[PDB]
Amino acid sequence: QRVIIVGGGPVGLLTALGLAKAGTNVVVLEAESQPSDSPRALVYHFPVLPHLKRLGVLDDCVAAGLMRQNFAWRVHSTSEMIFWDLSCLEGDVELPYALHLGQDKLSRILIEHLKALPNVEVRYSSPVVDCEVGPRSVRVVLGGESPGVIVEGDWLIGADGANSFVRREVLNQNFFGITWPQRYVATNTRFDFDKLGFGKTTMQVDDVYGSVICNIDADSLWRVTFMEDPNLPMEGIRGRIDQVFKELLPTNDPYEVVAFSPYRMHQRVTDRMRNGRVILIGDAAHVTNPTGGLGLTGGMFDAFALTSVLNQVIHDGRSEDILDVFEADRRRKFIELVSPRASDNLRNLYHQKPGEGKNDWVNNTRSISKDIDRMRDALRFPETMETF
């Protein structure tokens, strides 16, 4: 019973590895020729880490990335830093840390691990040019560097991103929701935030210069974001980065813009995450704005829950109806917990103009920071996103 995974990013590769370690025969197909290194979420929150450890990749991730416990809110109007700290979870959770690691680097580690499994085949530069899906079988034909090759399987997993071929073309499913008005500008910028006392993740609150400032690697490379009007012409964007940064950055110290990418953000979910032998996970199933990194976290919990349930269907003869239970719970988490939380995150970080509301928000954030019970409760949210 071969499983075909369309999508060569973390969600698809984590699913590959979990399925493969159970003896499942797996074929991963990615259209692009390598994992994307574009500026996207890069933090693996505490409840994800036991799953990475179980899969045997956490130690390599730690070697390649970094672990931290500190987190800072920075009020731009006053320069006040307010620290929260995951060490308040030290007896409550197995791994009370946050891991910083680019998704491209996690993907390479996953690929090296899949090589060790002879039951898994990985094919980059191999887009799907046609797909027919039956009640009991699936069939794709490849292009790119795999011309005309035919791949047949028992299950098709759509793990191929916001613009999913599988969701749109194979299933012809909807993707209803909203698109935020503002353009999201995500940069990787070299700037010494560490000497200025910043949290390894620092969330800058403002109505013009709100930003997620998040450490990428040890060469002082940091994620730095901001919002702008999507009507501002695309050709001027690099110049506008400089103009924004003159006020967004905390000093006039030198910086290098290493990479930048403008995005539109969405709160969208598909009608159904399972439809016969076809399943959708990650951004192919649902998209959130990335404030708080909850799209990445949700996609990984998609991967872990599907791995558990599909391994049981294939190896333990479990009834396929468990897949319907799976898909509904994964939509329930996204619609009822993740999407509202991420939306509140975006609004609180980027859109509070001066007034009573903002002052109340800051006073409350400061109070949580001095009350371990409220801090624990604030910090614990990602654990609620996992399906059991």
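Numbering starts at 1 and follows the sequence shown.
Stretches 64-72 and 317-325 differ in mean CA B factor, with 317-325 having the higher one. In this entry, 120-128 has the higher mean Cα B-factor, the comparison being between 242-250 and 120-128. For the set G153, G293, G210, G199, the maximum C-alpha B-factor listed in the entry falls on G153. Based on the entry's C-alpha B-factors, the most elevated value among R183, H286, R139, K105 belongs to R139. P50 sits in the middle third of its chain by CA B factor, as recorded in the PDB entry. Ranked within its chain, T297 lands in the middle third, by CA B factor from the PDB record. Among all modelled residues in this chain, the alpha-carbon of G355 has a temperature factor (C-alpha) in the highest third. In the PDB entry, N363 places in the middle third of its chain by CA B-factor. Among the modelled residues of its chain, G12 has a C-alpha B-factor that falls in the lowest third according to the deposited record.
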